[PDB]
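Asker: Sequence plus experimental coordinates follow:
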Amino acid sequence: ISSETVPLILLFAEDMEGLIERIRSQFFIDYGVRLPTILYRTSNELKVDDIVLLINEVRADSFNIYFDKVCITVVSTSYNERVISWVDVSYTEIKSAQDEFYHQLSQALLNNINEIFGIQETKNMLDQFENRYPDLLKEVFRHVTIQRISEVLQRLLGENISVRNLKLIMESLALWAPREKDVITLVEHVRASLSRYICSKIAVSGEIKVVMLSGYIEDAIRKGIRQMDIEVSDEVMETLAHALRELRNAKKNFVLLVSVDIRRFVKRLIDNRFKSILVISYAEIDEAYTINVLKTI
Amino acid sequence: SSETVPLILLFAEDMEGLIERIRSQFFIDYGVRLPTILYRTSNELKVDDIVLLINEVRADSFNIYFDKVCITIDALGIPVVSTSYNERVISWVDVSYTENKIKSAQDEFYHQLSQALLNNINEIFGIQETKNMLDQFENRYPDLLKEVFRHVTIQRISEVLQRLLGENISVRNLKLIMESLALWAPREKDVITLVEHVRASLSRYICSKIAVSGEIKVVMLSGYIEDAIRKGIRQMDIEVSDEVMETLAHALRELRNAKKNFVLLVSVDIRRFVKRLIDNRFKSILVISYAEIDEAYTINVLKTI
Amino acid sequence: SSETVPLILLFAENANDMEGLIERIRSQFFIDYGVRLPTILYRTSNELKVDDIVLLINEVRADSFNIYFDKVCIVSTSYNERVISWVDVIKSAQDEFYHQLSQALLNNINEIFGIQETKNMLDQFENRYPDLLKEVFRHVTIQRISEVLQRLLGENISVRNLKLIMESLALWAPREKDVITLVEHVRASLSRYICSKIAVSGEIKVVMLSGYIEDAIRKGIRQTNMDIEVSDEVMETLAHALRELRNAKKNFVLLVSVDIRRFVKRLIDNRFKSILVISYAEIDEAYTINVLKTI
């Protein structure tokens, strides 16, 4: 007799447990979230390369990974509308098959983090945090509730930001929570204090390849804001989508650079159509980093 | 493994003695007990390349030749391998040419590292770090601590202390900072203005660190430029035109490129606003007000922007 | 050390009699002002001259002195724009050094005497006068008592008679909320002590102010806490008259109105600190008033 649904199930085709524990370990290093124990079971309906992620016994995401062969950025497959090329282990003499599966799996987990990381997961994290920083925890609890801390942490993970440096997140909250009430704008302040980390994960050889917005498109989104939620015309949406599709199909790795006030609203307009792209504001850009503009939409 | 390591110093492919000397001197010069620094080696890095990592993220890169000296001369025929930190060029001379000021290699690395730590003090010094400092201070001054806690919270005391260190002001003389807070916190309820009151009471210390042989090399501001920044205040935020910004940047660059160490003397009401206009462009120039300059100190004006 | 050394005295690189001198200075400061000074650190420097002495408050340079311990003064040196002459073996070498050092300590009394120093003083006071202490704490905070005591010391007034200071506070604190105005009331109750230190053979040498200059300072009082701001013309007229009296053997005290005495001191303190500002409410009876000049 059961009581509740099993949180994580990795469906495979008809050493494996070592991989599951390696993913659980790396996700804690990369994002600072203690993942639940993943259940492994074989299915006859699946293909030799097919891997299906199940969150609360419901299908969440499908994966195509060839464990006996390495891959580069010839067999081709796509994840988040981005094509990946797979080649044999002999032609390499580049990212490993196990490391690429983790990258695809981690993104799917962050997209459905609301089912994995919650208020109870935040409390257990804050209980351990109390042992080293109890007075910092007291100043935070004075203005924001456990639900508010859980919401801020979940919103950061949804846009690929590590909560491992909770001390810096709590320090930002303890400073801005007596000033701001809105959680969405409170997350933006936490992002500003994490500008050095944000730049580090999106920079390659010191430079950041950005795709900025034109004065017209920037002002069109600014007016689309209504009292909290964004609503823009199909003409502005098509001009933005076509430009992003032109860069994604060309296989260009980039980050969208927009204004501070519209950053949260721009993300909502692309969230469903484009998932792999990250939206960063000017306030989240740190010095000593070379800003390279690729295209102005 | 649940926590991110606070400090990592990556070196080239006795060392612990240097790390502890930095930790000791930082507490003497600023009154902040630094976390234990981790020593690591890398084949990717050069011989002189030293990179500082705050919470496993790259913070600052340094170029120090531990088998040489420093001087702020070279045209008379000396093998000089010059480098730069905070847009200020530093000349490296061999220990053989010393016998002819002179700065040590490990002392230069400390001066460069200590500046980088104060620029990222929000990740090293916080509310928990101040509470531990105030609890030790309680054994000495319990009633002084009570009068301060009557008006300002642990977060506000942490904010004041962080804002002072961010402009190279030591928190070792906490008694004077607390005495200044206990007097002004019942009157002023704004952190940025409260820090300015603590700065004015620390005028003797500020002047002592920026003066050479009882003389402060200041760079004044003209009536027009001073008035232009005054109207830049909207709410609190500062916003000025590109023309006024270029006039201030060109004159500062002219005095920075040409070997000249100075301080910027401005009005009390715009001191905090002038700092925000230059800190992102230039980080080695200190902003001082007329209330912060103590008597019996020779004021030497170099330029008026 | 976690905390900076409160007092350091650097001397010439030349006996253990120096420790006797430090303790004599510490004892006399409590007799003259009633403040228990922190233990002064004795150090020697090869950079300093045979006559040079440097005072350090919180490991920062505060004041420099020129004293000849083998001579007697009445070679020439100057302190606070006032000149003095030394001669071979009237004022003693250690007694004149104390006068110069004690003045420098009162100019930086905020870094030596604070809330905790006031609390330790009030705790000893509680053992003798507990009900008088209770009436003061009913209206005045520890910070305000510490501030009142600091304002008096900065104007060369002893806090030894804490009873009379507390008695004055208990009477005026339920009436007045301004700390600056509260100190003015303490000075009025200390009128007998003030006159006793500024008078020689029962005569007070005063330098009064003209109706015009008195009204000029009265007009310069702004509500921007209140601050004083007057024109350069009135400032130069006041400075030139004070300078003329100083470049001449003149020992005087400035006598002005009660309403402006706190603002008149502010305009002088920035330039000259040796000259004292006293109000008409502070001059005690049976004391001869000698008007030297009217600015």
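Answerer: On my side now, so go ahead. Numbers count the residues shown, from 1 in each chain, chains lettered A, B, ... in the order given.

Asker: Number of residues surrounding the nearest residue to residue A:80 once chain neighbours are set aside?
Answerer: Computed as C-beta to C-beta, 6 or more residues apart in numbering or on different chains, the closest residue to residue A:80 that is not its neighbour in sequence is residue A:276, at 3.8 Å. To be clear about C-beta, it is placed using only N, CA and C from the backbone, and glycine gets the same treatment. Look at residue A:276: counted by other C-beta atoms under 10 Å in any protein chain shown, it has 12 neighbours.

Asker: who's in contact with residue A:276?
Answerer: A:80-82, A:107, A:248 (C-beta atoms under 8 Å, 6 or more residues apart in numbering or on different chains).

Asker: Where does residue A:66 sit: helix, strand or coil?
Answerer: coil (DSSP: H, G, I helix; E, B strand; the rest coil).

Asker: got a list of what residue A:206 touches?
Answerer: A:289-290.

Asker: Quick check: phi and psi on it?
Answerer: With angles defined as degrees, to the nearest 10, residue A:206 sits at phi 100, psi -20.

Asker: Buried residues, stretch A:97-114. List them.
Answerer: A:97, A:100-102, A:104-106, A:108-113 (16 or more other C-beta atoms under 10 Å in any protein chain shown).

Asker: who touches that stretch?
Answerer: A:19, A:22-23, A:26-27, A:30-31, A:33, A:35, A:51, A:53, A:55, A:60-61, A:63, A:65-71, A:79-80, A:84, A:95, A:116, A:154, A:157-158, A:160, A:275-276.

Asker: The buried residues of stretch A:97-114 in helices, which ones?
Answerer: Under the assignment DSSP state H, those contribute A:97, A:100-102, A:104-106, A:108-111, A:113 to helices.

Asker: Tell me where the stretch 101-250 of chain A has strands.
Answerer: Under the criterion DSSP state E, counting those that start in this stretch, the stretch 101-250 of chain A contains strands at A:207-212, A:225-226, A:229-230.

Asker: Find the helix or strand that the residue nearest to residue A:80 is a member of.
Answerer: Counting by DSSP states H and E, no helix or strand carries residue A:276.

Asker: Show me what from the stretch 1-150 of chain A comes close to chain B.
Answerer: For the stretch 1-150 of chain A, the residues in contact with chain B (C-beta under 8 Å from any C-beta of the partner chain) are A:28-29, A:32, A:128, A:132-136, A:139.

Asker: just the buried members of those?
Answerer: Looks like the residues of the stretch 1-150 of chain A next to chain B have A:28, A:32, A:133, A:135-136, A:139 buried, using 16+ other C-beta under 10 Å.

Asker: Show me those that map onto helices.
Answerer: Among those, the members falling in helices (DSSP H) are A:28, A:135-136, A:139.

Asker: What are the contacting residues of stretch A:238-253?
Answerer: Contacts for stretch A:238-253 (C-beta under 8 Å, 6+ apart): A:73, A:81-83, A:204, A:209, A:211, A:217, A:254, A:269-270, A:273-274, A:276-277, A:294-295, A:297.

Asker: Measure how far stretch A:11-26 is from the centre of its chain, please.
Answerer: Centre-to-centre, stretch A:11-26 and its host chain are 21 Å apart (C-alpha atoms, centre = their mean, to the nearest Å).

Asker: which residues are contacting that stretch?
Answerer: Outside stretch A:11-26, the residues touching it (C-beta under 8 Å, 6+ apart) are A:10, A:35, A:37-38, A:40-44, A:46-54, A:98, A:102, A:105-106.

Asker: and if you look at stretch A:44-51?
Answerer: Taking C-beta under 8 Å, 6+ apart as the rule, stretch A:44-51 contacts A:10-14, A:52, A:62-66, A:101.

Asker: end-to-end on that stretch?
Answerer: Stretch A:44-51 has an end-to-end distance of 12 Å (criterion: C-alpha to C-alpha, to the nearest Å).
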